[PDB]
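Worksheet: the structure to be examined is printed underneath.
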Amino acid sequence: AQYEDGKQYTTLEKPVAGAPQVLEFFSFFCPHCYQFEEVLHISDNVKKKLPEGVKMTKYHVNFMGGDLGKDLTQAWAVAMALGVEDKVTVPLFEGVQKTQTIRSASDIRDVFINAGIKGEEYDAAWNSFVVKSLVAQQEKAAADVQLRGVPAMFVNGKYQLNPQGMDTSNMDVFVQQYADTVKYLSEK
């Protein structure tokens, strides 16, 4: 058929209960993740095709970048808690990978300060238990899908996107196929 298990997507042997409808994992340290977000705009293209009443969720992962990697997961939790994901995603990616001016937790915070988040507000979120559970949620989700690598995307806790089974020639054909596959999986 057009969409085939083993081709554009795979099926989790152990479906995840209560999972987000569309769940993306990434790291600000991950070069392919930089490409996915800043050059290919995968999230944005996926969302433009999602059905009514389907929400896209994006989680950070710890396993790249050691101590700073975990700081970034915690800062991403802060971003989710404050609802400022769309103001810090680009400068966090560029700060870690393009300028490489992000080398410590303080450098991460500067990005938020520069983007208009009050210091008090960042610090209160950073130290909050709400942010601690959000960090735990992200880690738990990784465990639940038995995450092995990033970038990755899972739909209804049942299906895993398989970009290696799509075409890689035209970046745009690739992106369109990826987004089209998420939409197909969403209605499955």
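Residues are named by chain letter and number: chains run A, B, ... in the order of the structure tokens, numbers start at 1 in each chain, and ligands are numbered from 1 in the order shown.
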- Name all residues at most 12 Å from residue 3 in chain A (count only C-alpha atoms; drop same-chain ones fewer than 5 positions away) and give them as number ranges by chain. A: 8-10, 161-162, 165-166, 177-178, 180-185, 188
Write to file, as a PDB file, in the first residue's frame, the residues of the selection just made, with N, CA, C and O atoms.
```pdb
ATOM      1  N   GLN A   8       7.440   3.708   6.109  1.00  0.00           N
ATOM      2  CA  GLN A   8       7.392   5.068   6.655  1.00  0.00           C
ATOM      3  C   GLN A   8       7.254   5.123   8.171  1.00  0.00           C
ATOM      4  O   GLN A   8       7.384   6.195   8.766  1.00  0.00           O
ATOM      5  N   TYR A   9       6.930   3.994   8.783  1.00  0.00           N
ATOM      6  CA  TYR A   9       6.714   3.953  10.216  1.00  0.00           C
ATOM      7  C   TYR A   9       6.894   2.543  10.721  1.00  0.00           C
ATOM      8  O   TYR A   9       6.848   1.580   9.941  1.00  0.00           O
ATOM      9  N   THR A  10       7.066   2.418  12.034  1.00  0.00           N
ATOM     10  CA  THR A  10       7.066   1.105  12.661  1.00  0.00           C
ATOM     11  C   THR A  10       6.085   1.100  13.815  1.00  0.00           C
ATOM     12  O   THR A  10       5.565   2.142  14.216  1.00  0.00           O
ATOM     13  N   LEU A 161       7.762   7.024  13.816  1.00  0.00           N
ATOM     14  CA  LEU A 161       8.142   7.506  12.496  1.00  0.00           C
ATOM     15  C   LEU A 161       9.462   6.875  12.071  1.00  0.00           C
ATOM     16  O   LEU A 161      10.374   6.695  12.894  1.00  0.00           O
ATOM     17  N   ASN A 162       9.556   6.514  10.794  1.00  0.00           N
ATOM     18  CA  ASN A 162      10.753   5.860  10.287  1.00  0.00           C
ATOM     19  C   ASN A 162      11.312   6.623   9.084  1.00  0.00           C
ATOM     20  O   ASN A 162      11.146   6.193   7.947  1.00  0.00           O
ATOM     21  N   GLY A 165      12.995   5.054   6.050  1.00  0.00           N
ATOM     22  CA  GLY A 165      12.189   4.399   5.034  1.00  0.00           C
ATOM     23  C   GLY A 165      11.432   5.350   4.099  1.00  0.00           C
ATOM     24  O   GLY A 165      10.594   4.892   3.333  1.00  0.00           O
ATOM     25  N   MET A 166      11.769   6.643   4.128  1.00  0.00           N
ATOM     26  CA  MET A 166      11.165   7.697   3.301  1.00  0.00           C
ATOM     27  C   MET A 166      12.257   8.120   2.307  1.00  0.00           C
ATOM     28  O   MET A 166      13.340   7.579   2.361  1.00  0.00           O
ATOM     29  N   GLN A 177       6.563  14.080   3.009  1.00  0.00           N
ATOM     30  CA  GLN A 177       6.263  12.682   3.306  1.00  0.00           C
ATOM     31  C   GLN A 177       6.214  12.433   4.809  1.00  0.00           C
ATOM     32  O   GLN A 177       5.337  11.726   5.299  1.00  0.00           O
ATOM     33  N   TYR A 178       7.148  13.027   5.540  1.00  0.00           N
ATOM     34  CA  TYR A 178       7.160  12.889   6.996  1.00  0.00           C
ATOM     35  C   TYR A 178       5.869  13.427   7.613  1.00  0.00           C
ATOM     36  O   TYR A 178       5.184  12.733   8.388  1.00  0.00           O
ATOM     37  N   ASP A 180       3.008  14.070   6.061  1.00  0.00           N
ATOM     38  CA  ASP A 180       1.890  13.245   5.564  1.00  0.00           C
ATOM     39  C   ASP A 180       1.759  11.926   6.332  1.00  0.00           C
ATOM     40  O   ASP A 180       0.638  11.460   6.601  1.00  0.00           O
ATOM     41  N   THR A 181       2.891  11.322   6.677  1.00  0.00           N
ATOM     42  CA  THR A 181       2.875  10.086   7.455  1.00  0.00           C
ATOM     43  C   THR A 181       2.350  10.313   8.865  1.00  0.00           C
ATOM     44  O   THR A 181       1.559   9.511   9.368  1.00  0.00           O
ATOM     45  N   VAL A 182       2.777  11.394   9.515  1.00  0.00           N
ATOM     46  CA  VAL A 182       2.221  11.691  10.829  1.00  0.00           C
ATOM     47  C   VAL A 182       0.702  11.842  10.765  1.00  0.00           C
ATOM     48  O   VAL A 182      -0.024  11.298  11.607  1.00  0.00           O
ATOM     49  N   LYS A 183       0.218  12.580   9.770  1.00  0.00           N
ATOM     50  CA  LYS A 183      -1.221  12.767   9.635  1.00  0.00           C
ATOM     51  C   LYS A 183      -1.938  11.427   9.419  1.00  0.00           C
ATOM     52  O   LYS A 183      -2.957  11.166  10.049  1.00  0.00           O
ATOM     53  N   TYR A 184      -1.424  10.589   8.520  1.00  0.00           N
ATOM     54  CA  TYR A 184      -2.005   9.262   8.305  1.00  0.00           C
ATOM     55  C   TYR A 184      -2.058   8.465   9.620  1.00  0.00           C
ATOM     56  O   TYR A 184      -3.100   7.911   9.968  1.00  0.00           O
ATOM     57  N   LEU A 185      -0.948   8.427  10.349  1.00  0.00           N
ATOM     58  CA  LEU A 185      -0.882   7.699  11.617  1.00  0.00           C
ATOM     59  C   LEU A 185      -1.869   8.252  12.644  1.00  0.00           C
ATOM     60  O   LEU A 185      -2.444   7.509  13.444  1.00  0.00           O
ATOM     61  N   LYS A 188      -5.230   6.708  12.301  1.00  0.00           N
ATOM     62  CA  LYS A 188      -5.176   5.251  12.163  1.00  0.00           C
ATOM     63  C   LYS A 188      -5.829   4.511  13.334  1.00  0.00           C
ATOM     64  O   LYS A 188      -5.380   4.602  14.479  1.00  0.00           O
TER      65      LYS A 188
END
```
- Query: Tell me, which residues of range 26-180 of chain A carry DSSP strand (DSSP E), written as number ranges by chain?
  - Reply: A: 26, 56-60, 152-155, 159-161
If you take only C-alpha atoms and a cut-off of 7 Å, which residues of range 94-127 of chain A touch range 70-86 of chain A, and what are their nearest atom pairs and distances in Å to one decimal, in chain and number order, as a Markdown table?
```
| residue | atom | partner | partner_atom | distance |
| --- | --- | --- | --- | --- |
| A:105 | CA | A:71 | CA | 5.9 |
| A:125 | CA | A:78 | CA | 5.8 |
| A:126 | CA | A:78 | CA | 6.0 |
```
- Query: Got a sec: who's within 7 Å of range 12-29 of chain A, counting only C-alpha atoms, leaving out chain neighbours fewer than 4 positions off, as a list in words?
  - Reply: residues 33, 54, 55, 56, 57, 58, 59, 60, 61, 64, 65, 92, 93, 96, 97, 144, 145, 150, 151, 152, 153, 154, 155, 156, 157, 158, 159 and 160 of chain A
Take the residues from that selection and put them in a file with C-alpha atoms, as a PDB file, in the first residue's frame.
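So result.pdb came out as:
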```
ATOM      1  CA  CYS A  33      17.764  17.738  15.548  1.00  0.00           C
ATOM      2  CA  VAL A  54      -4.671  16.816  17.882  1.00  0.00           C
ATOM      3  CA  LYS A  55      -1.893  18.420  19.948  1.00  0.00           C
ATOM      4  CA  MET A  56       1.839  18.134  19.264  1.00  0.00           C
ATOM      5  CA  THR A  57       4.161  17.533  22.232  1.00  0.00           C
ATOM      6  CA  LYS A  58       7.903  17.933  22.240  1.00  0.00           C
ATOM      7  CA  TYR A  59      10.318  16.590  24.894  1.00  0.00           C
ATOM      8  CA  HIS A  60      14.051  17.077  25.469  1.00  0.00           C
ATOM      9  CA  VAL A  61      16.364  14.156  26.276  1.00  0.00           C
ATOM     10  CA  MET A  64      23.596  13.963  24.923  1.00  0.00           C
ATOM     11  CA  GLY A  65      25.918  16.511  26.438  1.00  0.00           C
ATOM     12  CA  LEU A  92      18.797  27.613  22.356  1.00  0.00           C
ATOM     13  CA  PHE A  93      19.586  25.633  19.168  1.00  0.00           C
ATOM     14  CA  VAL A  96      24.408  25.340  21.597  1.00  0.00           C
ATOM     15  CA  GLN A  97      25.270  24.496  17.988  1.00  0.00           C
ATOM     16  CA  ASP A 144       7.964   4.221  27.729  1.00  0.00           C
ATOM     17  CA  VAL A 145       8.798   4.312  24.008  1.00  0.00           C
ATOM     18  CA  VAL A 150      16.893  11.421  18.527  1.00  0.00           C
ATOM     19  CA  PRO A 151      15.228  12.954  16.636  1.00  0.00           C
ATOM     20  CA  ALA A 152      12.202  10.686  17.056  1.00  0.00           C
ATOM     21  CA  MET A 153       8.441  10.962  16.828  1.00  0.00           C
ATOM     22  CA  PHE A 154       5.691   8.690  18.096  1.00  0.00           C
ATOM     23  CA  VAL A 155       1.992   8.827  17.279  1.00  0.00           C
ATOM     24  CA  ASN A 156      -0.806   7.823  19.726  1.00  0.00           C
ATOM     25  CA  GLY A 157       1.774   5.862  21.727  1.00  0.00           C
ATOM     26  CA  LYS A 158       1.547   3.127  19.088  1.00  0.00           C
ATOM     27  CA  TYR A 159       3.628   4.117  16.031  1.00  0.00           C
ATOM     28  CA  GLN A 160       7.181   5.323  15.451  1.00  0.00           C
TER      29      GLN A 160
END
```
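Our summary of the geometry notes that CA of residue 163 in chain A is positioned 22.4 Å from CA of residue 89 in chain A.
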- Message: For the structure I just gave you, how does DSSP split range 11-177 of chain A - specifically, which residues are helix (DSSP H, G or I)? Reply as a PyMOL selection string.
- Response: chain A and resi 31-39+42-47+66-82+85-98+105-114+119-126+129-144+163-165+171-177
- What is the CA of residue 124 in chain A-CA of residue 63 in chain A distance in Å, reported with one decimal? 25.4 Å
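Note that CA of residue 168 in chain A and CA of residue 2 in chain A are 17.1 Å apart.
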I want to know what sits within 7 Å of range 40-48 of chain A, based on only C-alpha atoms, with residues of the same chain fewer than 3 positions away left out; could you give that as a compact mmCIF listing (two decimals) with N, CA and C atoms, in the first residue's frame?
```txt
# COMPACT_ATOMS: atom_id res chain seq x y z
N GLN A 35 19.01 20.25 12.32
CA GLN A 35 18.52 20.18 10.94
C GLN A 35 16.99 20.03 10.90
N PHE A 36 16.48 19.06 11.66
CA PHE A 36 15.04 18.82 11.73
C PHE A 36 14.24 20.07 12.04
N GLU A 37 14.66 20.80 13.06
CA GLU A 37 13.92 21.96 13.53
C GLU A 37 14.21 23.24 12.75
N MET A 56 0.46 18.58 19.37
CA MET A 56 1.84 18.13 19.26
C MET A 56 2.65 18.44 20.53
N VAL A 175 10.30 16.13 3.80
CA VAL A 175 9.52 16.80 4.83
C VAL A 175 8.01 16.57 4.61
N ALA A 179 5.53 14.66 7.25
CA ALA A 179 4.31 15.29 7.75
C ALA A 179 3.06 14.50 7.32
N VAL A 182 2.78 11.39 9.51
CA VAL A 182 2.22 11.69 10.83
C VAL A 182 0.70 11.84 10.76
```
- Message: Please list as a ChimeraX atom specification every residue within 9 Å of residue 109 in chain A, counting only C-alpha atoms and excluding residues in the same chain fewer than 2 positions away.
- Response: /A:75,104-107,111-114,119,122-123
Just-selected residues, C-alpha atoms written as a CSV table (one decimal), in the first residue's frame:
```csv
chain,number,residue,atom,x,y,z
A,75,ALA,CA,15.4,24.5,30.9
A,104,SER,CA,26.7,26.3,31.3
A,105,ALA,CA,23.3,26.6,33.0
A,106,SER,CA,23.9,30.3,33.3
A,107,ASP,CA,24.3,30.7,29.6
A,111,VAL,CA,18.8,33.1,26.5
A,112,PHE,CA,15.5,33.3,28.5
A,113,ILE,CA,16.5,36.7,30.0
A,114,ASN,CA,17.3,38.0,26.5
A,119,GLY,CA,14.9,36.5,36.0
A,122,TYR,CA,12.9,31.9,35.3
A,123,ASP,CA,14.5,31.2,38.7
```
